[PDB]
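File shown: data-v3.txt (compact mmCIF, C-alpha atoms and all ligand atoms).
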```txt
# COMPACT_ATOMS: atom_id res chain seq x y z
CA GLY U 952 -102.66 -6.22 -126.66
CA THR U 953 -103.35 -7.52 -123.17
CA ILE U 954 -104.80 -10.93 -122.49
CA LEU U 955 -105.55 -12.38 -119.04
CA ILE U 956 -105.02 -16.06 -118.32
CA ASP U 957 -106.86 -17.53 -115.34
CA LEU U 958 -104.82 -19.68 -113.01
CA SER U 959 -106.44 -22.79 -111.53
CA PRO U 960 -106.69 -22.81 -107.75
CA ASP U 961 -105.21 -26.33 -108.16
CA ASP U 962 -102.06 -24.93 -109.79
CA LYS U 963 -99.01 -24.40 -107.52
CA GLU U 964 -98.51 -20.98 -109.19
CA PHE U 965 -101.98 -19.82 -107.99
CA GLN U 966 -101.27 -21.20 -104.52
CA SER U 967 -97.85 -19.52 -104.12
CA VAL U 968 -99.35 -16.15 -105.24
CA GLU U 969 -102.22 -16.56 -102.79
CA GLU U 970 -99.65 -17.46 -100.12
CA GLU U 971 -97.72 -14.25 -100.76
CA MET U 972 -101.00 -12.28 -100.37
CA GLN U 973 -102.16 -13.97 -97.13
CA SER U 974 -98.76 -14.19 -95.38
CA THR U 975 -98.06 -10.46 -95.72
CA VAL U 976 -101.23 -9.04 -94.13
CA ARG U 977 -100.29 -7.04 -91.00
CA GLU U 978 -102.14 -4.68 -88.73
CA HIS U 979 -102.05 -1.02 -89.77
CA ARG U 980 -101.57 2.08 -87.57
CA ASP U 981 -104.89 3.56 -88.77
CA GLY U 982 -106.78 0.70 -87.15
CA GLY U 983 -108.24 -0.33 -90.52
CA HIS U 984 -109.44 3.17 -91.50
CA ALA U 985 -108.03 3.07 -95.09
CA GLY U 986 -108.13 -0.63 -96.09
CA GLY U 987 -110.67 -2.04 -93.67
CA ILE U 988 -110.53 -4.51 -90.77
CA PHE U 989 -109.37 -8.02 -91.59
CA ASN U 990 -106.63 -10.65 -91.02
CA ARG U 991 -106.93 -12.57 -94.27
CA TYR U 992 -108.52 -12.49 -97.77
CA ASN U 993 -111.00 -14.56 -99.74
CA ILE U 994 -109.12 -14.92 -102.95
CA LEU U 995 -111.58 -15.06 -105.91
CA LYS U 996 -109.38 -15.14 -108.99
CA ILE U 997 -105.76 -14.89 -109.99
CA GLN U 998 -104.88 -13.97 -113.52
CA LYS U 999 -101.61 -13.81 -115.37
CA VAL U 1000 -101.40 -10.56 -117.39
CA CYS U 1001 -99.86 -11.09 -120.81
CA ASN U 1002 -98.82 -8.25 -123.06
CA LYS U 1003 -95.86 -8.78 -125.36
CA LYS U 1004 -95.25 -5.06 -125.99
CA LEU U 1005 -95.44 -4.15 -122.29
CA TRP U 1006 -93.16 -7.11 -121.41
CA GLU U 1007 -90.53 -6.09 -124.00
CA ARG U 1008 -90.65 -2.53 -122.72
CA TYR U 1009 -90.05 -3.89 -119.19
CA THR U 1010 -87.20 -6.30 -120.04
CA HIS U 1011 -85.52 -3.70 -122.21
CA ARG U 1012 -85.37 -1.39 -119.15
CA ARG U 1013 -84.42 -4.25 -116.82
CA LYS U 1014 -81.31 -5.07 -118.96
CA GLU U 1015 -80.32 -1.34 -118.95
CA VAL U 1016 -80.64 -1.10 -115.18
CA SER U 1017 -78.87 -4.42 -114.72
CA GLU U 1018 -75.88 -3.18 -116.81
CA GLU U 1019 -75.61 -0.07 -114.66
CA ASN U 1020 -75.66 -2.00 -111.40
CA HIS U 1021 -72.81 -4.55 -110.76
CA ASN U 1022 -74.88 -6.78 -113.20
CA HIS U 1023 -77.84 -7.01 -110.89
CA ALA U 1024 -81.35 -5.93 -111.84
CA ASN U 1025 -82.40 -6.34 -108.19
CA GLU U 1026 -85.78 -7.51 -109.40
CA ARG U 1027 -88.55 -8.05 -106.81
CA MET U 1028 -92.26 -9.07 -106.76
CA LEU U 1029 -94.25 -6.48 -104.92
CA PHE U 1030 -97.93 -5.52 -104.51
CA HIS U 1031 -99.54 -2.44 -106.04
CA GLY U 1032 -103.12 -1.29 -105.24
CA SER U 1033 -104.80 1.39 -107.37
CA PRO U 1034 -108.19 2.46 -108.74
CA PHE U 1035 -106.53 2.52 -112.17
CA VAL U 1036 -105.71 -1.22 -112.28
CA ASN U 1037 -107.66 -1.63 -115.60
CA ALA U 1038 -105.60 1.01 -117.30
CA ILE U 1039 -102.29 -0.32 -115.82
CA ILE U 1040 -102.81 -3.86 -117.18
CA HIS U 1041 -103.74 -2.46 -120.63
CA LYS U 1042 -101.29 0.38 -121.09
CA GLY U 1043 -98.62 -0.20 -118.37
CA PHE U 1044 -97.45 1.96 -115.49
CA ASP U 1045 -96.77 5.62 -116.18
CA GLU U 1046 -96.59 9.10 -114.43
CA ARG U 1047 -100.46 9.24 -114.04
CA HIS U 1048 -99.86 6.29 -111.60
CA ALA U 1049 -97.35 8.42 -109.65
CA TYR U 1050 -98.28 9.30 -106.11
CA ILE U 1051 -97.41 13.06 -106.20
CA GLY U 1052 -97.68 13.46 -102.43
CA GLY U 1053 -95.86 10.31 -101.27
CA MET U 1054 -93.12 10.35 -98.63
CA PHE U 1055 -90.33 9.54 -101.20
CA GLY U 1056 -91.29 11.99 -103.89
CA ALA U 1057 -93.52 11.66 -106.87
CA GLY U 1058 -93.10 8.16 -108.23
CA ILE U 1059 -94.84 4.81 -108.42
CA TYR U 1060 -95.14 3.02 -105.03
CA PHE U 1061 -95.13 -0.73 -104.29
CA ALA U 1062 -95.27 -2.67 -101.06
CA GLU U 1063 -94.10 -5.94 -99.55
CA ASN U 1064 -97.20 -6.04 -97.35
CA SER U 1065 -100.25 -6.92 -99.43
CA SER U 1066 -102.34 -5.16 -96.75
CA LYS U 1067 -100.42 -1.89 -97.31
CA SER U 1068 -101.31 -2.04 -101.07
CA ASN U 1069 -104.92 -2.86 -100.11
CA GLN U 1070 -105.13 0.56 -98.49
CA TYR U 1071 -104.84 2.15 -101.98
CA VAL U 1072 -107.32 -0.01 -103.94
CA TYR U 1073 -110.10 2.62 -103.60
CA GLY U 1074 -107.83 5.70 -103.77
CA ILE U 1075 -105.30 7.41 -101.46
CA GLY U 1076 -106.11 6.51 -97.83
CA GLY U 1077 -108.91 4.20 -99.20
CA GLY U 1078 -110.65 7.21 -100.87
CA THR U 1079 -114.39 6.96 -100.08
CA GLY U 1080 -114.37 3.14 -100.07
CA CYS U 1081 -116.08 0.70 -102.49
CA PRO U 1082 -118.12 2.39 -105.28
CA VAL U 1083 -121.33 0.53 -104.24
CA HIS U 1084 -121.50 1.04 -100.48
CA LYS U 1085 -118.94 3.81 -99.81
CA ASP U 1086 -117.39 1.49 -97.28
CA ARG U 1087 -113.56 1.31 -96.88
CA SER U 1088 -114.03 -1.98 -94.95
CA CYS U 1089 -116.54 -3.41 -97.46
CA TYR U 1090 -116.64 -7.29 -97.12
CA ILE U 1091 -118.91 -7.76 -100.19
CA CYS U 1092 -117.39 -5.86 -103.13
CA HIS U 1093 -114.62 -7.39 -105.16
CA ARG U 1094 -111.16 -5.68 -104.87
CA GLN U 1095 -108.18 -6.15 -107.15
CA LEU U 1096 -104.40 -5.86 -106.49
CA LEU U 1097 -101.46 -6.31 -108.86
CA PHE U 1098 -98.52 -8.49 -107.83
CA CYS U 1099 -95.81 -6.98 -110.02
CA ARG U 1100 -92.29 -7.56 -111.30
CA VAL U 1101 -90.29 -4.53 -110.13
CA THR U 1102 -86.69 -3.66 -111.15
CA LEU U 1103 -85.09 -1.80 -108.26
CA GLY U 1104 -81.45 -1.62 -109.55
CA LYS U 1105 -79.28 0.32 -107.12
CA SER U 1106 -81.81 1.27 -104.53
CA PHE U 1107 -81.44 4.30 -102.33
CA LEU U 1108 -82.20 3.26 -98.76
CA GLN U 1109 -84.42 5.73 -96.90
CA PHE U 1110 -85.44 4.93 -93.36
CA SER U 1111 -88.91 6.22 -92.59
CA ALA U 1112 -90.25 7.11 -89.22
CA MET U 1113 -93.32 4.75 -89.62
CA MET U 1115 -92.68 12.45 -111.82
CA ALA U 1116 -89.48 13.03 -109.72
CA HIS U 1117 -86.14 11.31 -110.21
CA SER U 1118 -84.23 8.57 -108.42
CA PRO U 1119 -81.41 10.06 -106.32
CA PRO U 1120 -78.27 10.41 -108.46
CA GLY U 1121 -76.63 7.05 -109.20
CA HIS U 1122 -79.74 5.04 -108.04
CA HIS U 1123 -82.70 3.48 -109.92
CA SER U 1124 -85.27 3.52 -107.08
CA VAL U 1125 -85.91 4.17 -103.46
CA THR U 1126 -86.43 1.66 -100.59
CA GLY U 1127 -88.68 3.20 -97.95
CA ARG U 1128 -88.01 1.16 -94.82
CA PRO U 1129 -90.14 1.60 -91.68
CA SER U 1130 -87.79 2.12 -88.70
CA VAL U 1131 -90.39 2.24 -85.87
CA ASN U 1132 -92.99 -0.43 -86.59
CA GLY U 1133 -90.73 -3.50 -86.46
CA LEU U 1134 -93.37 -5.63 -88.29
CA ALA U 1135 -93.96 -3.29 -91.17
CA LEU U 1136 -92.23 -4.36 -94.35
CA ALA U 1137 -90.57 -2.04 -96.92
CA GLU U 1138 -92.12 0.06 -99.66
CA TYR U 1139 -90.33 0.88 -102.89
CA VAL U 1140 -90.66 3.74 -105.39
CA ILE U 1141 -89.65 3.74 -108.97
CA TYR U 1142 -89.59 6.82 -111.23
CA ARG U 1143 -90.01 5.22 -114.70
CA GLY U 1144 -93.14 3.17 -115.65
CA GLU U 1145 -90.98 0.74 -117.63
CA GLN U 1146 -89.39 -0.45 -114.37
CA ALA U 1147 -92.45 -2.53 -113.38
CA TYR U 1148 -94.62 -5.17 -115.10
CA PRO U 1149 -98.09 -5.99 -113.73
CA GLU U 1150 -97.59 -9.79 -113.87
CA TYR U 1151 -100.58 -10.95 -111.81
CA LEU U 1152 -104.03 -9.50 -111.30
CA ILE U 1153 -105.57 -10.72 -108.00
CA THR U 1154 -109.32 -10.42 -107.38
CA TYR U 1155 -110.35 -10.80 -103.73
CA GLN U 1156 -112.46 -9.75 -100.76
CA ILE U 1157 -111.19 -8.82 -97.31
CA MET U 1158 -112.72 -11.17 -94.72
CA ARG U 1159 -114.51 -10.07 -91.64
CA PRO U 1160 -112.61 -11.35 -88.53
CA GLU U 1161 -114.47 -14.17 -86.71
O1 LIG U 1201 -99.79 -0.38 -103.51
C1 LIG U 1201 -99.67 0.94 -103.39
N1 LIG U 1201 -100.33 1.66 -104.30
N2 LIG U 1201 -100.37 3.06 -104.36
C2 LIG U 1201 -99.66 3.76 -103.48
CL1 LIG U 1201 -99.72 5.53 -103.67
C3 LIG U 1201 -98.84 3.11 -102.42
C4 LIG U 1201 -98.12 3.86 -101.47
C5 LIG U 1201 -97.38 3.20 -100.50
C6 LIG U 1201 -97.38 1.77 -100.48
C7 LIG U 1201 -98.12 0.99 -101.41
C8 LIG U 1201 -98.84 1.61 -102.38
ZN ZN U 1202 -119.10 -2.50 -101.16
```

Before we go any further, please render this structure as structure tokens.
Amino acid sequence: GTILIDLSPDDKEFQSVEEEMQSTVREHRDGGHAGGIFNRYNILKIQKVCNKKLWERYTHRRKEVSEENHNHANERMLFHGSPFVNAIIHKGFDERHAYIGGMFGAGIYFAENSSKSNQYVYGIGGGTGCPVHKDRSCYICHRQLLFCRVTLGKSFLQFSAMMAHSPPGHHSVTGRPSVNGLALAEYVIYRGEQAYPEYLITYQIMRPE
């Protein structure tokens, strides 16, 4: 079902996706423990993920949510890092991609900061790092992130001091850091059909000069 189309680095689509990656790196409170130490990426490949059944499943949900929310899907593009990226692009998001222990209950988490999603590429809190070197700051091994279409609908705003259900009458949760003024929002959805893994980004973190 799924096919991957490579974007040309010469294509403005590839460049705006790269731009969204690079411009949303920030420093993290763990000093790089989970995702490694870096200020920018070496982007290796960007692919468009194409799956007609998964897309129809997404837009069918999007229209439902839209209809329930002052005609507004509230659709965003957000990063998602996960060791199960191969399964997500083939079979879609589901409960086995839910972060049981997350701050906003058991759902599927996305971030505005690419560097926040990079923390999850090798597992929760970076797991034990790359499979080859066991290094959470590995500069050699190739990482992948998804840059996804996410339907938020009516989003419950939850300020944070940094499968379950949406709070009644809402279709997601906005987790908004209230202490770190440079940290962008995270978002949690509770139905796999509310996200589509539109781009697959293959990259390395770069060692700071
Ligand atoms: O990109 C992400 N992937 N996985 C998780 Cl649990 C997560 C949790 C918070 C913020 C971002 C992410
Ligand atoms: Zn490695």

**OP:** Check every protein, DNA and RNA residue against ligand LIG 1201 (chain U), keep those with an atom at most 6 Å away (counting all atoms listed in the file), and present them as an NGL selection string.
**Re:** :U and (1030-1033 or 1050 or 1060-1062 or 1067-1068 or 1071 or 1138)

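Counting all atoms listed in the file and comparing U:1123, U:984, U:1047, U:979, the residue that lies closest to residue 1089 (chain U) is U:984.
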
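Computed from the coordinates, the CA of residue 978 (chain U) to CA of residue 1101 (chain U) distance equals 24.5 Å.
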
What are the nearest atom pairs, with distances in Å to one decimal, for all residues of chain U that come at most 6 Å from ligand ZN 1202 (chain U), using all atoms listed in the file, set out by chain and rising residue number as CSV?
```
residue,atom,partner,partner_atom,distance
U:1081,CA,U:ZN1202,ZN,4.6
U:1083,CA,U:ZN1202,ZN,4.9
U:1084,CA,U:ZN1202,ZN,4.3
U:1086,CA,U:ZN1202,ZN,5.8
U:1089,CA,U:ZN1202,ZN,4.6
U:1091,CA,U:ZN1202,ZN,5.4
U:1092,CA,U:ZN1202,ZN,4.3
```

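With all atoms listed in the file as the basis for measurement, U:985 is the residue among U:1049, U:1116, U:1038, U:985 that approaches residue 1078 (chain U) most closely.
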
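Residues lying within 12 Å of residue 954 (chain U), counting all atoms listed in the file and ignoring same-chain neighbours fewer than 2 positions away, are residues 952, 956, 957, 998, 999, 1000, 1001, 1002, 1003, 1004, 1005, 1037, 1040, 1041, 1042, 1150, 1151 and 1152 of chain U.
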
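CA of residue 1044 (chain U) to CA of residue 1118 (chain U) spans 16.4 Å [interatomic distance, one decimal].
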
**OP:** Have a look at CA of residue 1106 (chain U) and CA of residue 1058 (chain U) and let me know their distance in Å, one decimal.
**Re:** 13.7 Å

Subject >> Nearby residues (all atoms listed in the file) at most 6 Å from residue 1130 (chain U), same-chain spacing under 6 positions excluded, as a PyMOL selection string >> reply: chain U and resi 1110-1112

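When all atoms listed in the file are used to compute distances to residue 1155 (chain U), the closest of the residues U:1079, U:1069, U:1064, U:1132 turns out to be U:1069.
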
Subject >> Neighbour list for region 1010-1025 of chain U as a ChimeraX atom specification, cut-off 8 Å, all atoms listed in the file, skip fewer than 6 positions in-chain >> reply: /U:1102-1105,1123,1145-1146

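Closest to residue 1065 (chain U) among U:995, U:1134, U:1096, U:1158 is U:1096, based on all atoms listed in the file.
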
Subject >> Pick from U:1129, U:1082, U:982, U:1034 nearest to residue 1095 (chain U), counting all atoms listed in the file >> reply: U:1034

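With only C-alpha atoms as the atoms that count, the minimum distance from residue 1127 (chain U) to the choices U:992, U:965, U:1142, U:1107 is reached by U:1107.
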
Subject >> Contacts of residue 1070 (chain U) at 8 Å (all atoms listed in the file; same-chain gap of 5+ positions) as a PyMOL selection string >> reply: chain U and resi 985-987+1032+1075-1077
